>>> print(open('model16.txt').read())   # compact mmCIF, N, CA and C atoms
# COMPACT_ATOMS: atom_id res chain seq x y z
N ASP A 2 -54.09 -17.44 -31.26
CA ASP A 2 -52.91 -17.66 -32.17
C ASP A 2 -52.60 -16.38 -32.93
N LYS A 3 -51.38 -15.87 -32.74
CA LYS A 3 -50.94 -14.60 -33.34
C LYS A 3 -50.20 -14.82 -34.66
N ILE A 4 -49.91 -16.08 -34.98
CA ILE A 4 -49.05 -16.42 -36.10
C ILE A 4 -49.83 -16.59 -37.40
N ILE A 5 -49.25 -16.10 -38.50
CA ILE A 5 -49.82 -16.32 -39.82
C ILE A 5 -49.28 -17.62 -40.39
N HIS A 6 -50.19 -18.50 -40.78
CA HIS A 6 -49.83 -19.76 -41.41
C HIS A 6 -49.93 -19.57 -42.92
N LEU A 7 -48.77 -19.37 -43.54
CA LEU A 7 -48.67 -18.98 -44.94
C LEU A 7 -48.86 -20.15 -45.89
N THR A 8 -49.31 -19.83 -47.10
CA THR A 8 -49.28 -20.74 -48.23
C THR A 8 -48.52 -20.01 -49.33
N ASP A 9 -48.26 -20.69 -50.45
CA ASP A 9 -47.67 -20.07 -51.64
C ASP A 9 -48.63 -19.06 -52.27
N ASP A 10 -49.93 -19.36 -52.19
CA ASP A 10 -50.98 -18.47 -52.69
C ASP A 10 -51.22 -17.23 -51.82
N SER A 11 -51.05 -17.36 -50.50
CA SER A 11 -51.28 -16.23 -49.60
C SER A 11 -50.06 -15.34 -49.31
N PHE A 12 -48.86 -15.79 -49.70
CA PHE A 12 -47.61 -15.05 -49.42
C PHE A 12 -47.63 -13.58 -49.85
N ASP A 13 -47.97 -13.32 -51.11
CA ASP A 13 -48.10 -11.96 -51.64
C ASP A 13 -48.93 -11.03 -50.76
N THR A 14 -50.12 -11.47 -50.38
CA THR A 14 -51.02 -10.65 -49.57
C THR A 14 -50.56 -10.55 -48.12
N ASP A 15 -50.13 -11.67 -47.55
CA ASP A 15 -49.76 -11.70 -46.14
C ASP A 15 -48.42 -11.01 -45.85
N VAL A 16 -47.48 -11.11 -46.79
CA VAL A 16 -46.12 -10.62 -46.58
C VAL A 16 -45.78 -9.38 -47.42
N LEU A 17 -45.93 -9.50 -48.74
CA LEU A 17 -45.52 -8.46 -49.68
C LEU A 17 -46.43 -7.24 -49.69
N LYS A 18 -47.70 -7.42 -49.30
CA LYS A 18 -48.67 -6.31 -49.22
C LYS A 18 -48.94 -5.79 -47.80
N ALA A 19 -48.38 -6.42 -46.78
CA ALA A 19 -48.66 -6.01 -45.40
C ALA A 19 -47.97 -4.69 -45.03
N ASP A 20 -48.66 -3.83 -44.28
CA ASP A 20 -48.08 -2.56 -43.86
C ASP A 20 -47.35 -2.67 -42.53
N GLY A 21 -46.16 -3.26 -42.58
CA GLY A 21 -45.29 -3.34 -41.43
C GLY A 21 -44.36 -4.51 -41.52
N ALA A 22 -43.87 -4.94 -40.36
CA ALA A 22 -42.79 -5.91 -40.26
C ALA A 22 -43.32 -7.32 -40.11
N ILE A 23 -42.88 -8.22 -40.99
CA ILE A 23 -43.26 -9.62 -40.88
C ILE A 23 -42.01 -10.49 -40.71
N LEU A 24 -41.98 -11.30 -39.66
CA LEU A 24 -40.93 -12.29 -39.48
C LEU A 24 -41.36 -13.63 -40.09
N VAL A 25 -40.77 -13.99 -41.22
CA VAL A 25 -41.11 -15.24 -41.87
C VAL A 25 -40.14 -16.38 -41.50
N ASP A 26 -40.73 -17.50 -41.07
CA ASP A 26 -40.00 -18.70 -40.73
C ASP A 26 -40.22 -19.72 -41.84
N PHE A 27 -39.14 -20.06 -42.56
CA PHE A 27 -39.15 -21.13 -43.57
C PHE A 27 -38.68 -22.41 -42.91
N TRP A 28 -39.56 -23.40 -42.81
CA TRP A 28 -39.31 -24.59 -41.98
C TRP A 28 -39.88 -25.88 -42.57
N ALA A 29 -39.55 -27.01 -41.94
CA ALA A 29 -40.09 -28.32 -42.30
C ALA A 29 -40.27 -29.20 -41.05
N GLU A 30 -41.22 -30.13 -41.10
CA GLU A 30 -41.55 -30.94 -39.90
C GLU A 30 -40.44 -31.89 -39.45
N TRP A 31 -39.68 -32.43 -40.41
CA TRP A 31 -38.55 -33.33 -40.12
C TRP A 31 -37.29 -32.61 -39.62
N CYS A 32 -37.35 -31.28 -39.60
CA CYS A 32 -36.22 -30.42 -39.27
C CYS A 32 -36.17 -30.16 -37.77
N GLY A 33 -35.16 -30.74 -37.12
CA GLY A 33 -34.98 -30.63 -35.67
C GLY A 33 -34.82 -29.21 -35.15
N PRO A 34 -33.84 -28.45 -35.69
CA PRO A 34 -33.72 -27.04 -35.30
C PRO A 34 -34.98 -26.21 -35.60
N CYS A 35 -35.71 -26.56 -36.65
CA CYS A 35 -36.98 -25.90 -36.96
C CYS A 35 -38.01 -26.09 -35.84
N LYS A 36 -38.06 -27.29 -35.29
CA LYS A 36 -39.01 -27.59 -34.22
C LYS A 36 -38.58 -27.00 -32.87
N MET A 37 -37.28 -26.73 -32.74
CA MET A 37 -36.76 -26.16 -31.51
C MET A 37 -37.13 -24.68 -31.37
N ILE A 38 -37.11 -23.94 -32.49
CA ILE A 38 -37.49 -22.52 -32.49
C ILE A 38 -39.00 -22.28 -32.54
N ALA A 39 -39.78 -23.33 -32.80
CA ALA A 39 -41.24 -23.20 -32.86
C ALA A 39 -41.90 -22.57 -31.61
N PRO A 40 -41.68 -23.13 -30.39
CA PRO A 40 -42.23 -22.49 -29.18
C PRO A 40 -41.67 -21.10 -28.86
N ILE A 41 -40.47 -20.81 -29.35
CA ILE A 41 -39.83 -19.50 -29.18
C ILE A 41 -40.58 -18.47 -30.01
N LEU A 42 -40.89 -18.85 -31.24
CA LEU A 42 -41.67 -18.03 -32.16
C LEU A 42 -43.07 -17.70 -31.60
N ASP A 43 -43.71 -18.66 -30.92
CA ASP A 43 -44.98 -18.43 -30.21
C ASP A 43 -44.86 -17.31 -29.18
N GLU A 44 -43.83 -17.39 -28.34
CA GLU A 44 -43.56 -16.40 -27.30
C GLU A 44 -43.24 -15.04 -27.89
N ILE A 45 -42.48 -15.03 -28.98
CA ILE A 45 -42.10 -13.80 -29.66
C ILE A 45 -43.33 -13.16 -30.32
N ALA A 46 -44.17 -13.97 -30.95
CA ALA A 46 -45.45 -13.49 -31.47
C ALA A 46 -46.20 -12.70 -30.39
N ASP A 47 -46.27 -13.26 -29.18
CA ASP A 47 -46.89 -12.58 -28.04
C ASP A 47 -46.16 -11.29 -27.63
N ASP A 48 -44.84 -11.39 -27.45
CA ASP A 48 -44.00 -10.28 -26.99
C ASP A 48 -43.98 -9.07 -27.92
N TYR A 49 -44.02 -9.33 -29.22
CA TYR A 49 -43.81 -8.31 -30.23
C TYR A 49 -45.11 -7.88 -30.90
N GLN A 50 -46.22 -8.32 -30.31
CA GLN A 50 -47.57 -7.87 -30.60
C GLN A 50 -47.62 -6.36 -30.81
N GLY A 51 -48.03 -5.93 -32.01
CA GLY A 51 -48.12 -4.51 -32.31
C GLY A 51 -46.85 -3.91 -32.91
N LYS A 52 -45.78 -4.70 -32.92
CA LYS A 52 -44.51 -4.27 -33.48
C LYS A 52 -44.20 -5.06 -34.74
N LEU A 53 -44.53 -6.35 -34.72
CA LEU A 53 -44.40 -7.22 -35.89
C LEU A 53 -45.38 -8.38 -35.84
N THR A 54 -45.54 -9.05 -36.98
CA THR A 54 -46.29 -10.31 -37.05
C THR A 54 -45.33 -11.42 -37.41
N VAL A 55 -45.49 -12.57 -36.75
CA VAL A 55 -44.73 -13.79 -37.07
C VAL A 55 -45.56 -14.57 -38.08
N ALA A 56 -44.89 -15.13 -39.09
CA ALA A 56 -45.53 -15.93 -40.12
C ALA A 56 -44.67 -17.15 -40.42
N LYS A 57 -45.31 -18.28 -40.71
CA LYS A 57 -44.56 -19.50 -40.97
C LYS A 57 -44.93 -20.09 -42.31
N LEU A 58 -43.91 -20.45 -43.07
CA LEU A 58 -44.12 -21.17 -44.32
C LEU A 58 -43.40 -22.51 -44.26
N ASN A 59 -44.20 -23.58 -44.24
CA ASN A 59 -43.68 -24.93 -44.35
C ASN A 59 -43.32 -25.23 -45.80
N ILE A 60 -42.05 -25.55 -46.02
CA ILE A 60 -41.47 -25.60 -47.36
C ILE A 60 -41.76 -26.88 -48.15
N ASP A 61 -42.34 -27.88 -47.49
CA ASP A 61 -42.74 -29.12 -48.16
C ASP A 61 -44.19 -28.99 -48.65
N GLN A 62 -45.03 -28.43 -47.78
CA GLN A 62 -46.45 -28.18 -48.09
C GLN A 62 -46.58 -27.00 -49.04
N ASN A 63 -45.62 -26.09 -48.98
CA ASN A 63 -45.60 -24.91 -49.85
C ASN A 63 -44.25 -24.70 -50.53
N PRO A 64 -43.98 -25.47 -51.60
CA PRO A 64 -42.65 -25.59 -52.22
C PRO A 64 -42.21 -24.42 -53.11
N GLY A 65 -43.14 -23.54 -53.49
CA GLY A 65 -42.86 -22.47 -54.45
C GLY A 65 -42.10 -21.24 -53.97
N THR A 66 -42.24 -20.90 -52.69
CA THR A 66 -41.80 -19.60 -52.19
C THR A 66 -40.32 -19.51 -51.75
N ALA A 67 -39.82 -20.53 -51.07
CA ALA A 67 -38.42 -20.49 -50.59
C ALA A 67 -37.39 -20.17 -51.70
N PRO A 68 -37.45 -20.86 -52.87
CA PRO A 68 -36.50 -20.60 -53.96
C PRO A 68 -36.43 -19.14 -54.46
N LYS A 69 -37.52 -18.41 -54.31
CA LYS A 69 -37.59 -17.00 -54.69
C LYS A 69 -36.74 -16.13 -53.76
N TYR A 70 -36.35 -16.70 -52.62
CA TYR A 70 -35.55 -15.98 -51.65
C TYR A 70 -34.23 -16.69 -51.41
N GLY A 71 -33.89 -17.59 -52.32
CA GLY A 71 -32.61 -18.30 -52.30
C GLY A 71 -32.37 -19.11 -51.04
N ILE A 72 -33.45 -19.57 -50.41
CA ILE A 72 -33.36 -20.36 -49.17
C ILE A 72 -32.71 -21.71 -49.44
N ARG A 73 -31.64 -22.00 -48.71
CA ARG A 73 -31.07 -23.33 -48.71
C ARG A 73 -31.28 -23.97 -47.34
N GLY A 74 -30.43 -23.67 -46.36
CA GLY A 74 -30.61 -24.22 -45.02
C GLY A 74 -31.89 -23.76 -44.33
N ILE A 75 -32.45 -24.62 -43.49
CA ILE A 75 -33.57 -24.27 -42.63
C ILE A 75 -33.29 -24.65 -41.17
N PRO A 76 -33.90 -23.95 -40.20
CA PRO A 76 -34.81 -22.82 -40.42
C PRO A 76 -34.10 -21.58 -40.96
N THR A 77 -34.78 -20.84 -41.83
CA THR A 77 -34.35 -19.51 -42.22
C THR A 77 -35.44 -18.54 -41.80
N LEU A 78 -35.04 -17.55 -41.01
CA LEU A 78 -35.89 -16.44 -40.61
C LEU A 78 -35.57 -15.20 -41.45
N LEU A 79 -36.56 -14.73 -42.21
CA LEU A 79 -36.43 -13.49 -42.96
C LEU A 79 -37.30 -12.42 -42.32
N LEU A 80 -36.71 -11.28 -41.99
CA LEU A 80 -37.52 -10.18 -41.49
C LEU A 80 -37.86 -9.32 -42.68
N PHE A 81 -39.16 -9.25 -43.02
CA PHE A 81 -39.63 -8.38 -44.10
C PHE A 81 -40.11 -7.06 -43.54
N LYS A 82 -39.76 -5.99 -44.25
CA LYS A 82 -40.28 -4.67 -43.96
C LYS A 82 -41.02 -4.17 -45.20
N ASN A 83 -42.35 -4.22 -45.11
CA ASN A 83 -43.22 -3.81 -46.21
C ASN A 83 -42.91 -4.52 -47.54
N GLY A 84 -42.60 -5.82 -47.45
CA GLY A 84 -42.33 -6.65 -48.63
C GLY A 84 -40.87 -6.73 -49.04
N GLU A 85 -40.03 -6.06 -48.26
CA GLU A 85 -38.61 -5.90 -48.55
C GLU A 85 -37.82 -6.55 -47.42
N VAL A 86 -37.07 -7.60 -47.74
CA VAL A 86 -36.27 -8.29 -46.72
C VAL A 86 -35.19 -7.37 -46.15
N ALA A 87 -35.17 -7.26 -44.83
CA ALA A 87 -34.25 -6.39 -44.11
C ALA A 87 -33.12 -7.19 -43.45
N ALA A 88 -33.41 -8.44 -43.07
CA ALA A 88 -32.48 -9.25 -42.26
C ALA A 88 -32.70 -10.74 -42.45
N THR A 89 -31.61 -11.49 -42.32
CA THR A 89 -31.57 -12.92 -42.59
C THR A 89 -30.88 -13.66 -41.44
N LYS A 90 -31.54 -14.71 -40.96
CA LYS A 90 -30.98 -15.57 -39.92
C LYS A 90 -31.22 -17.02 -40.31
N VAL A 91 -30.14 -17.79 -40.42
CA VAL A 91 -30.18 -19.18 -40.83
C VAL A 91 -29.78 -20.08 -39.65
N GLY A 92 -30.65 -21.02 -39.30
CA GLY A 92 -30.38 -21.97 -38.24
C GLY A 92 -31.16 -21.62 -36.99
N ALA A 93 -30.99 -22.41 -35.94
CA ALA A 93 -31.72 -22.18 -34.70
C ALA A 93 -31.10 -21.10 -33.82
N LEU A 94 -31.92 -20.55 -32.92
CA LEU A 94 -31.46 -19.54 -31.97
C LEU A 94 -32.40 -19.50 -30.77
N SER A 95 -31.87 -19.08 -29.63
CA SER A 95 -32.67 -18.92 -28.43
C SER A 95 -33.58 -17.70 -28.50
N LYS A 96 -34.44 -17.54 -27.49
CA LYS A 96 -35.34 -16.41 -27.44
C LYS A 96 -34.53 -15.13 -27.29
N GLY A 97 -33.47 -15.20 -26.48
CA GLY A 97 -32.52 -14.10 -26.26
C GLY A 97 -31.81 -13.69 -27.53
N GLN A 98 -31.41 -14.67 -28.33
CA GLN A 98 -30.75 -14.40 -29.60
C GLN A 98 -31.72 -13.78 -30.61
N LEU A 99 -32.96 -14.25 -30.62
CA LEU A 99 -33.98 -13.72 -31.53
C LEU A 99 -34.40 -12.29 -31.17
N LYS A 100 -34.58 -12.04 -29.87
CA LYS A 100 -34.89 -10.72 -29.35
C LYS A 100 -33.87 -9.67 -29.83
N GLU A 101 -32.58 -9.93 -29.58
CA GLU A 101 -31.51 -9.04 -30.02
C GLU A 101 -31.54 -8.81 -31.53
N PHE A 102 -31.69 -9.89 -32.29
CA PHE A 102 -31.79 -9.82 -33.74
C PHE A 102 -32.97 -8.93 -34.17
N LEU A 103 -34.11 -9.09 -33.51
CA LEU A 103 -35.32 -8.34 -33.85
C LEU A 103 -35.20 -6.89 -33.44
N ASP A 104 -34.78 -6.66 -32.20
CA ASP A 104 -34.57 -5.31 -31.69
C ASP A 104 -33.59 -4.51 -32.52
N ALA A 105 -32.52 -5.16 -32.96
CA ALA A 105 -31.48 -4.48 -33.71
C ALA A 105 -31.93 -4.16 -35.13
N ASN A 106 -32.81 -4.99 -35.69
CA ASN A 106 -33.24 -4.85 -37.09
C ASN A 106 -34.62 -4.21 -37.29
N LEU A 107 -35.41 -4.11 -36.23
CA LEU A 107 -36.68 -3.37 -36.28
C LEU A 107 -36.47 -1.84 -36.28
N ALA A 108 -35.40 -1.40 -35.62
CA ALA A 108 -34.97 0.00 -35.65
C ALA A 108 -34.83 0.55 -37.08
>>> encode(input="model16.txt", output="structure tokens")
Amino acid sequence: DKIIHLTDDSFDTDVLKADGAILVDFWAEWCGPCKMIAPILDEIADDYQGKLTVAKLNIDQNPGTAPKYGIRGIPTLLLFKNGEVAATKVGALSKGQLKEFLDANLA
């Protein structure tokens, strides 16, 4: 498993202190589009090994963090660069859509 399973307590260390790119997924279990991008995120974790880390924060189990980033709709994917959000994607997307988004914003 290449994915970081975040908590509200671990966010600072896992995301804000990490030396590189973290793709954070803000999601919930009852959220249909959230569950659709889940296996895509697994594949991307594999594909982007050494370029970025994928991390997931479930917003019901960890209610404190989303509001700090003004998250309303889910899924919301935030690409962090050394603790600094670089890019925002709200809603579901295919692997092809995520690849382009990542390639364009990792540059």
>>> closest_residue(input="model16.txt", among="A:34, A:68, A:84, A:92", to="residue A:22", atoms="all atoms listed in the file")
A:84
>>> closest_residue(input="model16.txt", among="A:3, A:9, A:81, A:58", to="residue A:21", atoms="all atoms listed in the file")
A:81
>>> atom_distance(input="model16.txt", atom1="atom N of residue A:96", atom2="atom N of residue A:50")
15.2 Å
>>> atom_distance(input="model16.txt", atom1="atom CA of residue A:7", atom2="atom N of residue A:106")
23.1 Å
>>> select_by_dssp(input="model16.txt", residues="chain A", states="alpha helix (DSSP H)", output="MDAnalysis selection string")
chainID A and resid 12 33:48 96:107
>>> closest_residue(input="model16.txt", among="A:37, A:108, A:25, A:32", to="residue A:77", atoms="only C-alpha atoms")
A:25
>>> atom_distance(input="model16.txt", atom1="atom CA of residue A:31", atom2="atom CA of residue A:82")
29.0 Å
>>> decode(input="model16.txt", residues="stretch 35-66 of chain A", atoms="C-alpha atoms", output="CSV table (one decimal), in the first residue's frame")
chain,number,residue,atom,x,y,z
A,35,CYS,CA,-15.5,9.4,-3.9
A,36,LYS,CA,-15.7,5.6,-4.2
A,37,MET,CA,-15.4,5.7,-8.0
A,38,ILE,CA,-12.0,7.5,-7.8
A,39,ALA,CA,-10.7,5.2,-5.1
A,40,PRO,CA,-9.3,2.4,-7.4
A,41,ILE,CA,-7.9,5.1,-9.7
A,42,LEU,CA,-6.0,6.6,-6.8
A,43,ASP,CA,-4.5,3.2,-6.1
A,44,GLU,CA,-3.2,2.9,-9.7
A,45,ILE,CA,-1.9,6.5,-9.6
A,46,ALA,CA,-0.1,5.8,-6.3
A,47,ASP,CA,1.7,3.0,-8.2
A,48,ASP,CA,2.3,5.0,-11.4
A,49,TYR,CA,3.6,8.2,-9.7
A,50,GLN,CA,5.8,6.3,-7.3
A,51,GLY,CA,8.9,8.6,-6.6
A,52,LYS,CA,7.1,11.6,-8.1
A,53,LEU,CA,4.3,12.1,-5.5
A,54,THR,CA,2.5,10.4,-2.6
A,55,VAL,CA,-1.2,9.9,-2.5
A,56,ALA,CA,-2.9,10.6,0.8
A,57,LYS,CA,-6.6,10.2,1.9
A,58,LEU,CA,-8.5,12.0,4.5
A,59,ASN,CA,-12.0,10.7,5.4
A,60,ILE,CA,-13.9,13.8,6.4
A,61,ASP,CA,-16.4,12.1,8.8
A,62,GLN,CA,-13.7,10.2,10.7
A,63,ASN,CA,-11.4,13.3,10.6
A,64,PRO,CA,-13.7,16.4,10.7
A,65,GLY,CA,-11.1,19.1,11.6
A,66,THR,CA,-9.0,19.4,8.4
